[PDB]
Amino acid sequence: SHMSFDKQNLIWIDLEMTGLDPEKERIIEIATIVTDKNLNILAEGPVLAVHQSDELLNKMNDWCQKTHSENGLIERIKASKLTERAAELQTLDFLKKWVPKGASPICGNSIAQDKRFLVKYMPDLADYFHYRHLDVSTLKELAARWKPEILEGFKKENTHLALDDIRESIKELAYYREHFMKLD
């Protein structure tokens, strides 16, 4: 229990995956961040390279192998000893100190894609989430149709650091609260 454990805290998550159909693809990296309802970061969670065979890595579309390599993820996947369960337990453990099970929706960009894989490879985690999604890209889509000018002034970056990735998804939300919301 940290002091800021609260049922309105938000769980951000960003998987790395080896392809898009979970039924032949697997997780290869997992990261999480907890913020308060107002997007103030509380904690950064386990950033973990989940190990996977060399053949599944070899079946990877040429685009993903390029990225994962230049980032260096594969170097970690291949030096990883973590199982999916090891990854998951470690993240759960973490989450548990900051938000109650079932309270936060799943938060990040396009996170429906991540959740497909959780549901198959990390269902306890998938269950730790409220059923609802808090998809930042939802807002991008709306802005692109109802207020595109604000989009010519926010275009984020990568980095081989998952925690930086989440942070930009958050940055992005923070940006829509600013120039696309009316909070009063």
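The first residue of the sequence shown is number 1, and the count goes up from there.
Which is higher on mean Cα B factor in this entry, 130-138 or 23-31?
Per the PDB record, 23-31.
On average, are the C-alpha B-factors higher in 8-16 or in 158-166?
Between 8-16 and 158-166, it is 158-166.
Compare the C-alpha B factor of residue 115 with those of the other modelled residues in its chain, then answer lowest, middle or highest third.
Its C-alpha B-factor belongs to the lowest third of this chain's values.
Divide the modelled residues of the chain into thirds by Cα B-factor and specify which third, lowest, middle or highest, holds residue 64.
For residue 64, whose C-alpha B-factor we compare with every modelled residue in the chain, the answer is the highest third.
Going by the entry, which third of its chain does the Cα temperature factor of residue 87 land in?
For residue 87, whose C-alpha B-factor we compare with every modelled residue in the chain, the answer is the highest third.
State the tercile, meaning the lowest, middle or highest third, of residue 51 with respect to the CA B-factors recorded for its chain.
It falls in the top third of the chain.
Consider only the C-alpha atoms of the modelled residues in this chain, order them by B-factor as the entry records it, and name the third containing residue 95: lowest, middle or highest.
Middle third.
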